[PDB]
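Neighbour counts run over all protein chains shown; Cβ positions are idealised from the backbone, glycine included. Just so it is clear, none of the values below were taken in a lab; they were calculated from the coordinates.
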Amino acid sequence: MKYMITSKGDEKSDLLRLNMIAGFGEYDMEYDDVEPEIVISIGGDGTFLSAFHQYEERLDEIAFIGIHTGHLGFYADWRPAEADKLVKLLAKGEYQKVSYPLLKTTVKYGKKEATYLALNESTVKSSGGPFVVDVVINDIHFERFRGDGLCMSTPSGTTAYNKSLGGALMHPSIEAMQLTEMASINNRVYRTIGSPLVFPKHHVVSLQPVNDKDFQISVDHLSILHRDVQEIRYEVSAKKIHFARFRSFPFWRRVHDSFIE
Amino acid sequence: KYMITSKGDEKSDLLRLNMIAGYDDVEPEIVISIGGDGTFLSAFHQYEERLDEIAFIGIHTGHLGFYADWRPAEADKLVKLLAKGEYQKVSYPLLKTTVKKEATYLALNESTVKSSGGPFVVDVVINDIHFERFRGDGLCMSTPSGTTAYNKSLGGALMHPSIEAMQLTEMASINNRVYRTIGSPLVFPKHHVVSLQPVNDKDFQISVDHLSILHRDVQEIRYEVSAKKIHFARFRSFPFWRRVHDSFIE
Amino acid sequence: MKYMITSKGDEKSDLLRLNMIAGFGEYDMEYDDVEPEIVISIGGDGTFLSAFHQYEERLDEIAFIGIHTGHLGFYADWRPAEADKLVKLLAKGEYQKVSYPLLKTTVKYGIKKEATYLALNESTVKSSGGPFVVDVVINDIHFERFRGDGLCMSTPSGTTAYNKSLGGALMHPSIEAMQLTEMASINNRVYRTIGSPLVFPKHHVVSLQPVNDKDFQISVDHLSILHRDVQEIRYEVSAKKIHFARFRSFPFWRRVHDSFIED
Amino acid sequence: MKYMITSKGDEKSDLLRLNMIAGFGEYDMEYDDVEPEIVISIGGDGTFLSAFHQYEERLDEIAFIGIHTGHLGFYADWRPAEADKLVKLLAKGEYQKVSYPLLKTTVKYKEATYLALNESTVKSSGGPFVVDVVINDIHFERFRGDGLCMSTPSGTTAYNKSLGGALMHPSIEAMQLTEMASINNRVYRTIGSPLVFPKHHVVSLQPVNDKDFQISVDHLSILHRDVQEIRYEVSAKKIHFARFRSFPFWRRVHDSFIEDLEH
Ligand SMILES: Nc1ncnc2c1nc(SCC(=O)NCCc1ccccc1)n2[C@@H]1O[C@H](CO)[C@@H](O)[C@H]1O
Ligand SMILES: Nc1ncnc2c1nc(SCC(=O)NCCc1ccccc1)n2[C@@H]1O[C@H](CO)[C@@H](O)[C@H]1O
Ligand SMILES: Nc1ncnc2c1nc(SCC(=O)NCCc1ccccc1)n2[C@@H]1O[C@H](CO)[C@@H](O)[C@H]1O
Ligand SMILES: Nc1ncnc2c1nc(SCC(=O)NCCc1ccccc1)n2[C@@H]1O[C@H](CO)[C@@H](O)[C@H]1O
């Protein structure tokens, strides 16, 4: 079937890429980056994130595969030494499909509205000065946050930025999103919950401005300034990312190999 | 068929009599606790063996609770609604705790394991696979509704009770070279089993909600999301996040 | 004696400043914004920081005073209504001086030459763009390889500021120290970090050395500027201290209490 | 001169103890268990703590030495392979002294006084733990949780670290208060951040309802009936260590929490 391979850009990934593509020269596999049915990323989780957003329009017809030329990643969990075995197993078709939840981020202005999908997380920070927003949960005011910013994470994203912010780790089979605080000043004037908050499906977390209406909104690796922001809504997306499962690599093992060892 | 449990004070017992006027203590379909969350926990453990046939209602004679959701003065209209049978049931996940014949426990809030005198050292096994060797005060495994309790004080995350899961938090982990721990709270879905296996000392203080019993000769402690759920009789709409807001945000 | 007054800029602070200047004119006082012996800040902590750095070359000959026109600040102790008595007590010279420690920040490059900075609150180091990875070297000895958003080194009086939000401990400003806090460390097996905040005494030097990227966004009391081709960033408790004119007794722990607990 | 050796109690520590005693017999070393000038601890930090409390009445004339028979300890930083060198180094008399601060714990109900090398904690003797935290004779907060931990500087790497407290170099004469599983709701508002107090600062813990508190000192956990006040302050007493080679505190922190590549 149709496939394509993205590379980190360094000699390790570029050479491994060409070596794998040559491997598909012995099987009924056509190279196509317009409408691929299988996308292989080579490099790191960051590289994998670029590959996700490169085809966030064809998520339902694409099985992603991650290969790390450096250290182990939670998305790039295949070693380059197993690149040969992957090609053969992929060319045959003996693989299952695993799906992870995604984060929907909607931004309203005072035009229209913009929506974004995140595989890891979405963060909102200030355009320079102090970051002050109201946190509205299901059309109900919850807290007035003051600090550096807020981070809404996917379940698979919990092991990334979320973890460094003291967030909890969630098994990606759990369809949910997690909100963590970034350097919250927690005084009497600005009282926040402190604890990370985990939200289920169909729950909407709305971030509404108080004074300044310009915000730095990041989606995974990408980050851009949004001016005249009226509202920033978070909810678990109805869209999912599909992985190609060849072997059995448990989420918790992957957590163990990263942080415990 | 219904029944009413009281805290023990004069106000709760009086309200119990004042509500009983508007009864099966063996085969109940409606259990009404009068007191607080702690009192509610007692009513839960009194009927663990028929949770699929019982809806619970909490009345807080003191401060607002996460289980006791009704005000004392609102007991007048509560009877007329619980008699018509016009109510929908809300289900919360529970935590199963097996100790190893073997003893199994059900918790509405959380279950914790600490050493009965001395250092607490345990191997954390996740799905038959070693994850970390823990050394410290202990570990806490919390239900979603229990996250607002001890879990929160231990730095755990708050999660909505509609999410079927359990959350593991640390209790003063030393987290060094010998005993490297994850630090982060861990949230496990259904059918995931966390196993605690001793290294030397096999005597542990195991607590289930309000009950803290001492266990000797422990070989394994298994944690997983129970197949049973607790049902609440719902009349009005009280959002979980509102209860969280009212409790901590003020 | 010689003095000057800085203002937040709003109508309130500007008005109070003019009235204090006229008040001072009734005594043996002279306005001098070049070589003052007393510097008065009217506004908030942020206003106080600007005044601090405006005269950081004369910290040895200046006694600072802070007046908060809004909410109570850790540096701005005095209320606007007390400005009257404050003028009189200043003119008589009826006050003692209290000193807080400062943080020295040295930036070395590859050879332009060298740059040093004094901090009243804290000094942070983050990346210019991309992963922030540095080697933390304590007194010439390697301690950890840090990956994350950045690192924050706080003065004692700075511990109630950014340091606190980052989980740092609150430290009484009579203690001559500096506290290093992590900013979202990844803390995995490759980049294992201590996690805990570190409190260093005087003469202890913390060296942040680049692993790959030599460009860093360095901030000193929210004065964040881009430093390129950085070879080393050294942290140590300065020998210079900021001096406060003391009249009444406003305990540090009460300032903390009134600001975070209840007032 | 006069020396003594305490052992962990196991086969390895008992043997090493006898081995050193035999070695000292070759030099001018007198073994005395009631009036030693140098106390050697063989085992772990726990064994070191017992040795401290065993001779806490004569801290003025005793220099302590720790040997860890297991993993590296913060007090027991000598390894068994270096035992031969220690005996010779002790007999030679060539060593300087290093002093660490201690925590004074006063319990008022007649007045009970305790000294802590690591820390002192106050938990509940059953039921909710609710106390009023008073700093220098003024209310600071009302705490509710599992308990509170007051740590020495050298104690910060112990229980204090696990509770999220900051690591502090023992050259700093201070004490650090950390919260143990606090409840932060609409009723009980605490500072959250660990607090570092200098000398001459008193932290008083006063009961709200329950007067029975489980007080621990380094690990002598004792139930105290009818408590009116628990006072915390930096002691004037200090523990003295015998120094021969350079083994930095931060190195000990590094080798214990980060990594130890040569072991
Ligand atoms: N999250 C913080 N919580 C407490 N205090 C902070 C924080 N952040 C900062 S400055 C770093 C920064 O850019 N933070 C993001 C925007 C922000 C957010 C809140 C307050 C000021 C600025 N300071 C203090 O602000 C002083 C600047 O006037 C600095 O010295 C920091 O101590
Ligand atoms: N401290 C973090 N610990 C774990 N993971 C993080 C972190 N920070 C980030 S992105 C936030 C950021 O720009 N931080 C400035 C320094 C930095 C550090 C790492 C990667 C990129 C940039 N991600 C993950 O990086 C992914 C982009 O490749 C994002 O999706 C975050 O999950
Ligand atoms: N979690 C702790 N992490 C580091 N260190 C601790 C801790 N806990 C303690 S004592 C508190 C206690 O009894 N905890 C029960 C479980 C436990 C677990 C490990 C070690 C001792 C005890 N200390 C240190 O134990 C020393 C006694 O040998 C005390 O001085 C504490 O510093
Ligand atoms: N630090 C904690 N913050 C929040 N909640 C806690 C904590 N600790 C506990 S149990 C351990 C302990 O020492 N608790 C004293 C507080 C308490 C609270 C309610 C009822 C009895 C006692 N729980 C909850 O107490 C419930 C018993 O009613 C248990 O289910 C814990 O979740």
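Summary table
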item	result
Cβ charges +1 (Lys, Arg) and -1 (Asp, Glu), total dipole of segment B:139-250, debye	380
Among B:126, B:97, B:149 the positive-end extreme of the charge dipole of segment B:94-227 (Cβ point charges)	B:126
Rg(Cα)/(2.2 N^0.38 Å) for segment C:41-136, N = residue count	1.44
Value of Rg to Rh for segment A:179-261 (Rh from inverse mean 1/r over Cα pairs, i.e. Kirkwood)	1.05
Rounded if a/c under 1.5, otherwise prolate or oblate - chain C, Cα gyration tensor axes	prolate
Test item: Cα-centred dipole of segment B:76-163, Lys/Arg +1 and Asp/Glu -1 on Cβ, debye	300
Summed residue charge, Cβ within 9 Å of residue C:257's Cβ, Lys/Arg positive, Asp/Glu negative	-2
Around residue B:222: net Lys/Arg minus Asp/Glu count, Cβ-Cβ under 14 Å	-2
Long pairs among D:110/D:211; D:12/D:85; C:113/C:202; C:2/C:104; C:92/C:241; B:190/B:228, criterion Cα-Cα beyond 20 Å	C:113/C:202; C:2/C:104; C:92/C:241
Residue order, fewest to most beta carbons within 10 Å, for D:238, D:211	D:211, D:238
Cα centroid of segment B:108-175 to Cα centroid of segment A:188-261, whole Å	24
Proxy reagent accessibility, fewest Cβ within 10 Å first, across B:23, C:235, A:100	B:23, A:100, C:235
Relative contact order (%) - criterion: Cα under 8 Å, at least six apart; region: segment C:200-263	31
Rounded if a/c under 1.5, otherwise prolate or oblate - segment B:163-203, Cα gyration tensor axes	oblate
Net charge over other residues, Cβ less than 14 angstrom from the Cβ of residue D:195 (K, R count +1; D, E count -1)	-1
Under 5 Å, built H, 5+ apart or other chain: amide partners of residue B:176	B:181
Directionally averaged projected area (convex hull, Cα atoms, segment A:102-238), nm²	7.6
For segment C:1-55 and segment A:49-88, distance of Cα centres in Å	62
Dmax and Rg, reported as Rg then Dmax, of the protein assembly as shown (C-alpha, Å)	31.0, 97
Residue exposure sequence - A:56, B:250 - by fewest surrounding Cβ within 10 Å	B:250, A:56
Dipole of the protein assembly as shown [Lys/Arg +1, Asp/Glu -1 at C-beta], most positive-end residue of D:165, D:64, A:206	A:206
Set of segment C:80-96 residues, backbone N closer than 19 Å to the point 7 Å along the Cα-Cβ line of residue C:32	C:90-94
